[PDB]
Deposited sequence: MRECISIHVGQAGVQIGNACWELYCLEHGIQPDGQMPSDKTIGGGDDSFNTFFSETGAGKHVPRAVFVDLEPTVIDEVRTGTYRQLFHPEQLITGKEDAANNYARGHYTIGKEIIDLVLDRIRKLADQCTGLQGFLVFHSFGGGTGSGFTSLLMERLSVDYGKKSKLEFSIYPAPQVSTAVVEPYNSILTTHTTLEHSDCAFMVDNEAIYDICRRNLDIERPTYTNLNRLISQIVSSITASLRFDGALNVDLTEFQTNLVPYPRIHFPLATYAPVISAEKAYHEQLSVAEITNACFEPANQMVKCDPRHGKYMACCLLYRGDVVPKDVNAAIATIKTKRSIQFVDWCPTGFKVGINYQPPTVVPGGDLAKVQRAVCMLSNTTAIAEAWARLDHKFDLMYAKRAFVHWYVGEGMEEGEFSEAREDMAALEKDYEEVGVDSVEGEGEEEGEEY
């Protein structure tokens, strides 16, 4: 069988998971109580009385957001032992989430994951949702990833992260946590997807015509992307591509594994009409520099490989025509050592609409994941911020009072520099 285990660590991860699991329940016809009045085994397991329990683990060092989950409208969906909470949070500190407060609920989450993995035959991989720049999402994720790599090893790990934006920011100590966690995510992850909130704000404003968005809209978009990724495992169609095929067609060298995601069409109900919304029109919109979910224009870079995923009413002839038209253009550059740079997948299941949402009922959609050399701009900005703050050694006393030496900062900065010089040298 084909099954996935999802981990939602931190506030951002828990909220994204709320969106994701509402979406999956609506997709598979499962009521919030686990009763539906075989396409769900990837994300649900039967209990013998008709109830379905998600293969999810929710983690946080603070008892607040998980408590909202525990008394909300999905309180009878989750196993009470899957939602794990602590006493005091990491307080925007990597070290607190890594060791001092991390080494208290780590064994519990490990035991829960081991229990979940034993109840599934064909494990396919892990789906980890967290946030760079926080305490728990950066520190507890490093420890969790280290142990899982030690324990399971051969299974794939896919990470969905929130990266700091170039201008908009929430915390003051975000660069430190981001640098340390991006040093941790190189060795243990197998494929990393980064999305920043500023790009999604821009997408919401321009396309959906909402002037005052909140976190819920962002989480709905991210859930749509993840569902498009897992549709091939869940449902059936022509040219279905699973996790290992994505990895073997998207990662040229072992360290170059940081793709950029995009979705199309993000249209409103009013503008849903008055538009053809064909295969070619959807495909062309996935290469525009304003529809990217990271603040980086791919025109300042070269593509290496891209995997295109179609769900709905799509025919392969149209995909071939769209690929040919994209290949004709000049503003889109491909590296000279990848003459064939596309992986095509089609699924017959159209996207599902959620009540009380902004997206319109479309008949087809795409989700392009591409790894370019243009992903090194955001890293450069974050490194500049980090070095500016670290020259004066501000806020470093908070990190060393929790058992962290002062050489970790230099080591992580060196690792980031090495990674950037790789993405530059492989580009040429």
Which bits of the deposited sequence have no atoms placed for their C-alpha? 38 to 46, 438 to 451
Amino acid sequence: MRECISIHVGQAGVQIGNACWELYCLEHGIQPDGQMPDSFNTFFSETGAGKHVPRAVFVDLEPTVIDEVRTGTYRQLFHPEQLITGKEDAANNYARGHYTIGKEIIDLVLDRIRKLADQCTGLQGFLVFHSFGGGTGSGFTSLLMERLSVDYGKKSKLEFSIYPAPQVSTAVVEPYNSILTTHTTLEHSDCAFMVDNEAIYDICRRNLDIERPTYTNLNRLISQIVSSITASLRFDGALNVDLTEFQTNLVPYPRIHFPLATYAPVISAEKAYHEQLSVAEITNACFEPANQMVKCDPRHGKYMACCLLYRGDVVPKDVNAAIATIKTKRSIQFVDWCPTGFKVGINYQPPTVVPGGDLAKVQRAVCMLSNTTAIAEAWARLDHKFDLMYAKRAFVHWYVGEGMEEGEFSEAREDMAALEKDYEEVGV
From here on, numbers count along this sequence of modelled residues.
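By rigid core we mean the largest C-alpha set that fits within 1.5 Å across both forms.
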Is the larger C-alpha RMS shift in 5 other deposited structures of this protein, relative to this form with the rigid core superposed, found in 129 to 137 or in 246 to 254? 246 to 254
Can you check whether 155 to 163 or 331 to 339 lies farther from the displayed model in 5 other deposited structures of this protein, averaging C-alpha distances as RMS after superposing on the core? 331 to 339
